[PDB]
Every structure is written in structure tokens, then in C-alpha cells.
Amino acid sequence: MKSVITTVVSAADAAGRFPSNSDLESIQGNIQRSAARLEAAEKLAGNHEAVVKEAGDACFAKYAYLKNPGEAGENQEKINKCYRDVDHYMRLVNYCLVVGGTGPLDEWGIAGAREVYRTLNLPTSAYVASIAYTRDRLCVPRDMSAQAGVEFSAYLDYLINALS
């Protein structure tokens, strides 16, 4: 699972090496940056339902065609799956903030996504609309501190770029 620690350990293992000074120094970065991203994770954990509702509503507001027969959001069950999927992503964003790397998004949300969404005829723009809405809705310092904002926004942009 990609983080600061697992990157430096994997590199040391590929080379047969004990941890050395640049590995310990990398991990010192954990200690320095952790407060910002853990602030974002806690805010997200505490308010994800309202965030997810706003983001799914923005998707369908932007793409009303999704509710037409044969389209991805043609009935209520399918609509509810769409908000569930947004929640899944927001949960993975919380996990990336906690881990300090993209690993949980990469493994559990991005790997295979292109094939899934193409095969099930789920338009990638609808996902992008939800995540970009959330990125642009973020209000600093109303919702969290500037650096918690930078951390939260970076994983949202990472997902948007992964979908694009």
C-alpha cells in the first residue's frame, strides 16, 4: 500500500539494504505533515454523509440525461449505487489522508476502474463531476485549515487525473 514508509522500505528491500539515514529522514516527513492530513481525515469522517449527498446531487444536476431510460441512472436503485460509489471514493480519500499516500485510492478505487466503468457503461464524467464539485466546494478556513485543505484537495485532484 503506497505510503512514505512502504516506499522507502520497498526500495531498501529491492537493493538488499538495511534502513539508512535517507529512509529515516523521509519518515521524519510523516511526523511533520501528519497533522494537516489527519485534520482533513477527521473532518471527512465526521461529515461524509453531507459531503456525499452534495456531490451526488451535483452529478445529477449537471447530467440530467442520466435519469433517462437505458442510461446509467435510469432508476432509483441505480441512482442509489451512484451515491454509494461517491461515498466509497470519499472513504478511500479518508484512508489516503490517514496513510499519507495514494495507496488506498490506487488499490481499491482506481485499479480496474476504467474497465469497470466502460463495461457497465458508467460515464467517467459523472464521477469527475462529483469529485470536482467536492474539490471546488471546499471552503478554507471555514471547513478546515489551509494545509488540511491542500492535502484533501491533492487526493481529489489525484483521483480526477486518474479518471482523465
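Don't overthink the numbering: it's just position in the shown sequence, from 1.
Notebook entry, point to check: On average, are the C-alpha B-factors higher in 39 to 47 or in 101 to 109?
Noted result: In the deposited entry, the stretch with the higher C-alpha B-factor mean is 39 to 47.
Checklist line | Of 117 to 125 and 64 to 72, the stretch whose C-alpha atoms average the higher B-factor in the entry | finding: Between 117 to 125 and 64 to 72, it is 64 to 72.
Checklist line | Record-listed C-alpha B factor of residue 26: chain third | finding: For residue 26, whose C-alpha B-factor we compare with every modelled residue in the chain, the answer is the lowest third.
Checklist line | Chain third (lowest, middle, highest) by recorded CA B-factor, residue given as residue 16 | finding: Lowest third of the chain for residue 16's C-alpha B-factor.
Next item on the list: Just say lowest, middle or highest third for the CA B-factor of residue 96 relative to the other modelled residues in its chain.
Entry: Tercile = lowest for this residue's CA B-factor.
Item checked: CA B-factor placement of residue 1, once the chain's modelled residues are sorted into thirds -> Within its chain, residue 1 is a highest-third residue by C-alpha B-factor, going by the deposited values.
Check: Where does residue 132 sit by CA temperature factor within its chain: lowest, middle or highest third?
Finding: Answer is lowest: the recorded C-alpha B-factor places it there.
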